[PDB]
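Asks: these are from a larger complex, still in place; more later:
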Amino acid sequence: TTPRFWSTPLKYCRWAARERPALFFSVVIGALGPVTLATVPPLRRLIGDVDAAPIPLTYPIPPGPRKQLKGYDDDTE
C-alpha cells in the first residue's frame, strides 16, 4: 500500500506530504536552509546588494609610521 522511496521516488514524496506532513516538511524546511545559503547570496551580489562593512569592535589603529604631529604642546596649555 504505502510506497517505497527507492522504487518510486516521486510517488513516495506525495504520500509523505499527505500522510506524514510534519515529518516530510521538516526535511523540506531543513533543506531550504542549505538552498537559501547557496542561492540568495549570489543573486544579492547580482542586484548590487553589497554586504555592509563590519562594525569596529576594537580601537581602529591606522597602519604605517607615526605622523610626527606638531600642535597642542605644553607651551600652548
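Replies: Arrived safely. Numbers count the residues shown, from 1 in each chain, chains lettered A, B, ... in the order given.
Asks: CA only for contacts and neighbour counts going forward, please
Replies: OK.
Asks: so which helix or strand takes in residue A:30?
Replies: Taking DSSP states H and E as the criterion, residue A:30 maps to helix A:21-47.
Asks: Just the buried residues of that helix, please?
Replies: Buried residues in helix A:21-47, counted by 16 or more other Cα atoms under 10 Å: residue A:24.
Asks: cool, and stretch A:2-13?
Replies: A:12, A:13.
Asks: what about stretch A:1-8, start to end distance?
Replies: For stretch A:1-8, the first-to-last residue distance is 12 Å (Cα to Cα, to the nearest Å).
Asks: re earlier: name the helices or strands packed onto the helix holding residue A:30?
Replies: helix A:9-19 (3 or more Cα pairs under 8 Å, 6 or more residues apart in numbering; DSSP states H and E).
Asks: Further, place chain B onto the existing structure:
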Amino acid sequence: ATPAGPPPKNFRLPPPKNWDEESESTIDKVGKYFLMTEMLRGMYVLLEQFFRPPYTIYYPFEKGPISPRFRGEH
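Replies: Below, chain B sits with the chains from the block before:
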C-alpha cells in the same frame, strides 16, 4: 445479522480506496493539518455564544416555570 431473503441492495461496502485514490488535494489536505482549521471553526462557535444572551435565572428573585399539575407538598 441481516434479515432472511435477498441481501439488501448494495449492503456490502465498496472496496476501500488507496491513499492515492482519495479525492482531496494535497494543498487542501496539508493545509488542514498544519493550520488546524476544524479546531479553528469550533473556537469560532464559542465566540458566537459569547455574544448571545445567557439562559440564567436569578433565583430566588426569579422563578422557573411550573404547570398547574405540579406535584409539591401535600
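Asks: mind redoing the buried residues of stretch A:2-13 now chain B's in there?
Replies: Neighbour counts over stretch A:2-13 (16 or more other Cα atoms under 10 Å in any protein chain shown) mark A:12, A:13 as buried.
Asks: same question, stretch A:64-75
Replies: Within stretch A:64-75, no residue qualifies as buried by neighbour count (16+ other Cα under 10 Å).
Asks: CA-only coordinates of it in PDB, if you can.
Replies: Output in PDB follows, covering the C-alpha atoms of stretch A:64-75 (Å, rounded to 0.1, in the frame of the first residue of the first chain):
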ATOM      1  CA  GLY A  64      52.100  52.900   8.800                       C
ATOM      2  CA  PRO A  65      54.600  55.100  10.600                       C
ATOM      3  CA  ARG A  66      53.500  57.800  13.100                       C
ATOM      4  CA  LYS A  67      52.700  61.100  11.500                       C
ATOM      5  CA  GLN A  68      55.000  63.400  13.600                       C
ATOM      6  CA  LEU A  69      52.400  65.800  14.800                       C
ATOM      7  CA  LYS A  70      53.100  69.400  15.800                       C
ATOM      8  CA  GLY A  71      50.500  71.300  17.900                       C
ATOM      9  CA  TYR A  72      48.700  71.400  21.300                       C
ATOM     10  CA  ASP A  73      52.100  71.300  23.100                       C
ATOM     11  CA  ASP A  74      52.900  72.100  26.800                       C
ATOM     12  CA  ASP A  75      53.600  75.700  25.900                       C
END
